[PDB]
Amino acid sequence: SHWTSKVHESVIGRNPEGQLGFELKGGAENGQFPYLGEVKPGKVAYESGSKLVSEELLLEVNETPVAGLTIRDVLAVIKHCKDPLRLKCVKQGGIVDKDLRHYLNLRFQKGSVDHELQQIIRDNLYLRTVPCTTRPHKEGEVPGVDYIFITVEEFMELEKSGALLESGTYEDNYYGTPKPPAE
């Protein structure tokens, strides 16, 4: 069954203090989906509809996709949304896990809901990251901006440490996307 089979929309308000009722954890800087902390009963101000378990992955806020962004960016999206907040979330378990590296290696059927979400998440991560490659710099490119130009040795150290969320190969070189900085 689909990665997105347990996806649902829960609707919440912020409390008087402007807080959600739960903490946000994870984020691309940690190589993760944004996901909820503990959801204690009573602490969240729901409007009618579906409710949240602890540690659900957060995919969208008010139809802005946030999976693949850093926690800072997620909080920035939330700060510019008006109540009520519509959260698209999915509980962890089975194939659904907060690890972005594992997720971005999953292969979904072209055109599926699962595939479309994975593309949206990749687009989000790409907004926040400079890719690395082992291919040499060419005329017109800016190191640090278009690519981080690194050696194979360096690229494999990053792979080994889990610092690359996505990688591939093309014409005899390695390409990948590192975790974005926290800030």
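All residue numbers are counted from 1 along the displayed sequence.
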| property | result |
| --- | --- |
| Between the two ranges 40-48 and 61-69, the one averaging a larger CA B factor in the entry | 40-48 |
| Stretch with the greater mean C-alpha B-factor as recorded in the entry, comparing 78-86 against 96-104 | 78-86 |
| Peak C-alpha temperature factor (PDB record), options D123, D114, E56, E139 | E139 |
| Lowest, middle or highest third - CA B-factor, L158 | highest |
| Chain-wide C-alpha B factor ranking for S1, given as lowest, middle or highest third | highest |
